[PDB]
file coords.pdb (PDB, C-alpha atoms)
ATOM      1  CA  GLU A 406     -61.860-261.529-105.874  1.00  0.00           C
ATOM      2  CA  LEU A 407     -62.397-258.085-107.424  1.00  0.00           C
ATOM      3  CA  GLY A 408     -64.604-259.634-110.113  1.00  0.00           C
ATOM      4  CA  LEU A 409     -67.322-260.336-107.537  1.00  0.00           C
ATOM      5  CA  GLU A 410     -67.601-256.687-106.424  1.00  0.00           C
ATOM      6  CA  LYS A 411     -67.583-254.367-109.459  1.00  0.00           C
ATOM      7  CA  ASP A 412     -68.034-254.673-113.222  1.00  0.00           C
ATOM      8  CA  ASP A 413     -67.928-251.704-115.598  1.00  0.00           C
ATOM      9  CA  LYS A 414     -68.609-253.886-118.663  1.00  0.00           C
ATOM     10  CA  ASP A 415     -72.274-252.983-119.115  1.00  0.00           C
ATOM     11  CA  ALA A 416     -71.887-249.205-118.767  1.00  0.00           C
ATOM     12  CA  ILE A 417     -69.176-248.840-121.419  1.00  0.00           C
ATOM     13  CA  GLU A 418     -70.859-251.421-123.660  1.00  0.00           C
ATOM     14  CA  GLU A 419     -74.155-249.510-123.612  1.00  0.00           C
ATOM     15  CA  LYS A 420     -72.298-246.216-124.068  1.00  0.00           C
ATOM     16  CA  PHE A 421     -70.844-247.686-127.259  1.00  0.00           C
ATOM     17  CA  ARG A 422     -74.170-249.134-128.436  1.00  0.00           C
ATOM     18  CA  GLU A 423     -76.181-245.937-127.922  1.00  0.00           C
ATOM     19  CA  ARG A 424     -74.046-244.209-130.559  1.00  0.00           C
ATOM     20  CA  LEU A 425     -75.075-246.910-133.048  1.00  0.00           C
ATOM     21  CA  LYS A 426     -78.777-246.048-132.749  1.00  0.00           C
ATOM     22  CA  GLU A 427     -78.774-242.879-134.863  1.00  0.00           C
ATOM     23  CA  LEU A 428     -76.358-244.261-137.471  1.00  0.00           C
ATOM     24  CA  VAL A 429     -77.191-246.289-140.576  1.00  0.00           C
ATOM     25  CA  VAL A 430     -74.154-248.564-140.278  1.00  0.00           C
ATOM     26  CA  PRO A 431     -73.074-250.723-143.245  1.00  0.00           C
ATOM     27  CA  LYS A 432     -72.880-254.457-142.573  1.00  0.00           C
ATOM     28  CA  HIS A 433     -69.180-254.697-143.490  1.00  0.00           C
ATOM     29  CA  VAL A 434     -68.415-252.499-140.470  1.00  0.00           C
ATOM     30  CA  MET A 435     -71.431-253.563-138.376  1.00  0.00           C
ATOM     31  CA  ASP A 436     -69.943-257.049-138.043  1.00  0.00           C
ATOM     32  CA  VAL A 437     -66.555-255.571-137.109  1.00  0.00           C
ATOM     33  CA  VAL A 438     -68.115-253.356-134.433  1.00  0.00           C
ATOM     34  CA  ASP A 439     -70.113-256.276-133.030  1.00  0.00           C
ATOM     35  CA  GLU A 440     -67.096-258.589-132.865  1.00  0.00           C
ATOM     36  CA  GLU A 441     -64.953-255.903-131.222  1.00  0.00           C
ATOM     37  CA  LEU A 442     -67.623-255.390-128.555  1.00  0.00           C
ATOM     38  CA  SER A 443     -67.693-259.168-128.088  1.00  0.00           C
ATOM     39  CA  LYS A 444     -63.897-259.278-127.715  1.00  0.00           C
ATOM     40  CA  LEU A 445     -63.863-256.311-125.323  1.00  0.00           C
ATOM     41  CA  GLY A 446     -66.545-257.896-123.146  1.00  0.00           C
ATOM     42  CA  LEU A 447     -64.271-260.861-122.381  1.00  0.00           C
ATOM     43  CA  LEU A 448     -60.977-258.945-122.012  1.00  0.00           C
ATOM     44  CA  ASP A 449     -59.449-257.616-118.792  1.00  0.00           C
ATOM     45  CA  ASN A 450     -59.940-253.854-118.488  1.00  0.00           C
ATOM     46  CA  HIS A 451     -56.340-253.284-117.328  1.00  0.00           C
ATOM     47  CA  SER A 452     -54.699-254.850-120.395  1.00  0.00           C
ATOM     48  CA  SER A 453     -53.197-252.662-123.111  1.00  0.00           C
ATOM     49  CA  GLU A 454     -55.073-254.595-125.803  1.00  0.00           C
ATOM     50  CA  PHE A 455     -58.314-253.683-124.019  1.00  0.00           C
ATOM     51  CA  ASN A 456     -57.464-249.991-124.344  1.00  0.00           C
ATOM     52  CA  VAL A 457     -56.521-250.485-127.999  1.00  0.00           C
ATOM     53  CA  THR A 458     -59.891-252.141-128.643  1.00  0.00           C
ATOM     54  CA  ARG A 459     -61.700-249.391-126.720  1.00  0.00           C
ATOM     55  CA  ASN A 460     -59.999-246.626-128.714  1.00  0.00           C
ATOM     56  CA  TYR A 461     -60.653-248.438-131.999  1.00  0.00           C
ATOM     57  CA  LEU A 462     -64.334-248.834-131.095  1.00  0.00           C
ATOM     58  CA  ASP A 463     -64.559-245.167-130.112  1.00  0.00           C
ATOM     59  CA  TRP A 464     -63.114-244.181-133.491  1.00  0.00           C
ATOM     60  CA  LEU A 465     -65.457-246.586-135.304  1.00  0.00           C
ATOM     61  CA  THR A 466     -68.524-245.197-133.522  1.00  0.00           C
ATOM     62  CA  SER A 467     -67.307-241.627-134.093  1.00  0.00           C
TER
ATOM     63  CA  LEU B 396     -70.361-258.926 -99.344  1.00  0.00           C
ATOM     64  CA  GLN B 397     -68.719-261.772 -97.432  1.00  0.00           C
ATOM     65  CA  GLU B 398     -65.921-261.953-100.019  1.00  0.00           C
ATOM     66  CA  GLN B 399     -64.897-258.414 -99.025  1.00  0.00           C
ATOM     67  CA  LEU B 400     -63.319-259.787 -95.831  1.00  0.00           C
ATOM     68  CA  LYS B 401     -60.733-261.542 -98.019  1.00  0.00           C
ATOM     69  CA  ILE B 402     -60.637-258.908-100.776  1.00  0.00           C
ATOM     70  CA  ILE B 403     -59.570-256.218 -98.298  1.00  0.00           C
ATOM     71  CA  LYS B 404     -56.946-258.544 -96.805  1.00  0.00           C
ATOM     72  CA  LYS B 405     -55.514-259.239-100.267  1.00  0.00           C
TER
END

call {"tool": "encode", "arguments": {"input": "coords.pdb", "output": "structure tokens"}}
result
Amino acid sequence: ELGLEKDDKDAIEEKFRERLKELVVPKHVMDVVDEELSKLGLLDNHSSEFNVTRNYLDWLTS
Amino acid sequence: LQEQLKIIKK
């Protein structure tokens, strides 16, 4: 039921993507970043693996 | 909107 009321997917996804704009990212990590965003977009936000993916993406974009 | 009547109950 909660899925029909709120969704924070787009905000965090765009927050990740905006960091990519200024960076000349190599392909061998561009594909990894893209696939991790894809995985995060289909994963429940309360799972531990979701937080692991989020932290890994934050470190990648840092 | 209408689903809130059951969401709040849950």

call {"tool": "interface_residues", "arguments": {"input": "coords.pdb", "of": "chain B", "to": "chain A", "cutoff": "8 Å", "atoms": "all atoms listed in the file", "output": "list in words"}}
result
residues 396, 398, 401 and 402 of chain B

call {"tool": "closest_residue", "arguments": {"input": "coords.pdb", "among": "A:457, A:462, A:438, A:448", "to": "residue A:413", "atoms": "all atoms listed in the file"}}
result
A:448

call {"tool": "atom_distance", "arguments": {"input": "coords.pdb", "atom1": "atom CA of residue A:452", "atom2": "atom CA of residue B:403"}}
result
22.7 Å

call {"tool": "atom_distance", "arguments": {"input": "coords.pdb", "atom1": "atom CA of residue A:437", "atom2": "atom CA of residue A:451"}}
result
22.4 Å

call {"tool": "closest_residue", "arguments": {"input": "coords.pdb", "among": "A:412, A:449, A:440, A:463", "to": "residue A:425", "atoms": "all atoms listed in the file"}}
result
A:463

call {"tool": "atom_distance", "arguments": {"input": "coords.pdb", "atom1": "atom CA of residue A:424", "atom2": "atom CA of residue A:439"}}
result
12.9 Å

call {"tool": "axis_aligned_box", "arguments": {"input": "coords.pdb", "around": "stretch 396-404 of chain B", "padding_each_side": "5 Å", "output": "JSON"}}
result
{"center_x": -63.7, "center_y": -259.1, "center_z": -98.3, "size_x": 23.4, "size_y": 15.7, "size_z": 14.9}

call {"tool": "closest_residue", "arguments": {"input": "coords.pdb", "among": "A:465, A:458, A:417, A:423", "to": "residue A:435", "atoms": "all atoms listed in the file"}}
result
A:465

call {"tool": "closest_residue", "arguments": {"input": "coords.pdb", "among": "A:414, A:432, A:467, A:408", "to": "residue A:444", "atoms": "only C-alpha atoms"}}
result
A:414

call {"tool": "decode", "arguments": {"input": "coords.pdb", "residues": "stretch 420-463 of chain A", "atoms": "N, CA and C atoms", "output": "short mmCIF file (atom, residue, chain, number, x, y, z; two decimals), in the first residue's frame"}}
result
data_model
loop_
_atom_site.label_atom_id
_atom_site.label_comp_id
_atom_site.auth_asym_id
_atom_site.auth_seq_id
_atom_site.Cartn_x
_atom_site.Cartn_y
_atom_site.Cartn_z
N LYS A 420 20.02 12.87 -7.84
CA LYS A 420 21.13 13.36 -7.03
C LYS A 420 22.42 12.63 -7.38
N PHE A 421 22.33 11.32 -7.62
CA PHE A 421 23.50 10.58 -8.09
C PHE A 421 23.92 11.04 -9.49
N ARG A 422 22.96 11.16 -10.41
CA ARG A 422 23.31 11.46 -11.80
C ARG A 422 23.94 12.84 -11.95
N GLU A 423 23.49 13.82 -11.15
CA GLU A 423 23.98 15.19 -11.34
C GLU A 423 25.48 15.28 -11.07
N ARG A 424 25.99 14.43 -10.18
CA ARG A 424 27.43 14.36 -9.95
C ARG A 424 28.17 13.91 -11.20
N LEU A 425 27.54 13.08 -12.03
CA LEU A 425 28.21 12.52 -13.20
C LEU A 425 28.42 13.56 -14.29
N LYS A 426 27.69 14.68 -14.23
CA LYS A 426 27.72 15.65 -15.32
C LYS A 426 29.10 16.27 -15.50
N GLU A 427 29.74 16.68 -14.40
CA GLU A 427 31.01 17.39 -14.50
C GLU A 427 32.19 16.45 -14.70
N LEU A 428 31.98 15.14 -14.61
CA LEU A 428 33.07 14.18 -14.57
C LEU A 428 33.20 13.45 -15.90
N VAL A 429 34.44 13.33 -16.38
CA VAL A 429 34.72 12.53 -17.57
C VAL A 429 34.99 11.09 -17.15
N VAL A 430 33.91 10.31 -17.04
CA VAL A 430 33.94 8.98 -16.44
C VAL A 430 34.36 7.93 -17.46
N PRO A 431 35.37 7.12 -17.16
CA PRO A 431 35.73 6.02 -18.06
C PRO A 431 34.60 5.01 -18.20
N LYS A 432 34.56 4.35 -19.36
CA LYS A 432 33.48 3.40 -19.64
C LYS A 432 33.49 2.23 -18.65
N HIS A 433 34.68 1.73 -18.31
CA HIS A 433 34.79 0.56 -17.44
C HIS A 433 34.24 0.79 -16.04
N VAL A 434 34.04 2.04 -15.64
CA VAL A 434 33.28 2.35 -14.44
C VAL A 434 31.94 3.01 -14.75
N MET A 435 31.76 3.58 -15.94
CA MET A 435 30.46 4.09 -16.34
C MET A 435 29.42 2.98 -16.37
N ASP A 436 29.77 1.83 -16.94
CA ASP A 436 28.83 0.71 -16.98
C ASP A 436 28.50 0.23 -15.58
N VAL A 437 29.49 0.19 -14.69
CA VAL A 437 29.25 -0.25 -13.32
C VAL A 437 28.30 0.71 -12.62
N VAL A 438 28.53 2.02 -12.77
CA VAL A 438 27.66 3.01 -12.15
C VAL A 438 26.24 2.87 -12.68
N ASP A 439 26.10 2.71 -14.00
CA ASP A 439 24.77 2.59 -14.59
C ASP A 439 24.04 1.35 -14.08
N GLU A 440 24.74 0.22 -14.00
CA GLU A 440 24.08 -1.00 -13.56
C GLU A 440 23.74 -0.95 -12.07
N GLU A 441 24.56 -0.26 -11.27
CA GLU A 441 24.22 -0.11 -9.86
C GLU A 441 23.01 0.80 -9.66
N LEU A 442 22.91 1.88 -10.45
CA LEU A 442 21.67 2.66 -10.42
C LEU A 442 20.47 1.82 -10.83
N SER A 443 20.64 1.00 -11.87
CA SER A 443 19.54 0.14 -12.31
C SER A 443 19.12 -0.83 -11.20
N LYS A 444 20.09 -1.43 -10.52
CA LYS A 444 19.79 -2.36 -9.43
C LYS A 444 19.12 -1.63 -8.27
N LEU A 445 19.62 -0.45 -7.92
CA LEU A 445 19.05 0.31 -6.81
C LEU A 445 17.62 0.73 -7.10
N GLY A 446 17.32 1.05 -8.36
CA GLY A 446 15.98 1.48 -8.71
C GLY A 446 14.91 0.42 -8.58
N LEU A 447 15.30 -0.85 -8.50
CA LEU A 447 14.34 -1.94 -8.32
C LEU A 447 14.48 -2.64 -6.98
N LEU A 448 15.17 -2.05 -6.01
CA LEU A 448 15.44 -2.66 -4.72
C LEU A 448 14.77 -1.87 -3.61
N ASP A 449 14.19 -2.59 -2.65
CA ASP A 449 13.48 -1.95 -1.54
C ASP A 449 14.44 -1.07 -0.74
N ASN A 450 14.00 0.15 -0.43
CA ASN A 450 14.84 1.12 0.25
C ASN A 450 15.17 0.75 1.69
N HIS A 451 14.43 -0.18 2.29
CA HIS A 451 14.69 -0.57 3.67
C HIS A 451 15.64 -1.75 3.80
N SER A 452 16.03 -2.37 2.69
CA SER A 452 16.94 -3.51 2.75
C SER A 452 18.37 -3.05 2.98
N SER A 453 19.15 -3.91 3.64
CA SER A 453 20.56 -3.61 3.89
C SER A 453 21.35 -3.53 2.59
N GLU A 454 21.05 -4.42 1.64
CA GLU A 454 21.72 -4.39 0.35
C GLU A 454 21.47 -3.08 -0.38
N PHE A 455 20.30 -2.48 -0.20
CA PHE A 455 20.03 -1.17 -0.79
C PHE A 455 20.99 -0.12 -0.23
N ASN A 456 21.21 -0.14 1.08
CA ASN A 456 22.14 0.81 1.68
C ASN A 456 23.57 0.55 1.23
N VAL A 457 23.94 -0.73 1.08
CA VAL A 457 25.27 -1.05 0.58
C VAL A 457 25.45 -0.49 -0.83
N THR A 458 24.45 -0.68 -1.69
CA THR A 458 24.52 -0.16 -3.05
C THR A 458 24.58 1.37 -3.04
N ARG A 459 23.79 2.00 -2.17
CA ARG A 459 23.78 3.46 -2.09
C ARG A 459 25.14 4.00 -1.66
N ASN A 460 25.75 3.38 -0.65
CA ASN A 460 27.07 3.82 -0.20
C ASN A 460 28.12 3.58 -1.27
N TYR A 461 28.05 2.44 -1.96
CA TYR A 461 29.01 2.16 -3.02
C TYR A 461 28.87 3.17 -4.16
N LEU A 462 27.64 3.53 -4.51
CA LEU A 462 27.42 4.53 -5.55
C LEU A 462 27.90 5.91 -5.11
N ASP A 463 27.68 6.26 -3.84
CA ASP A 463 28.19 7.53 -3.34
C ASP A 463 29.71 7.58 -3.42
#
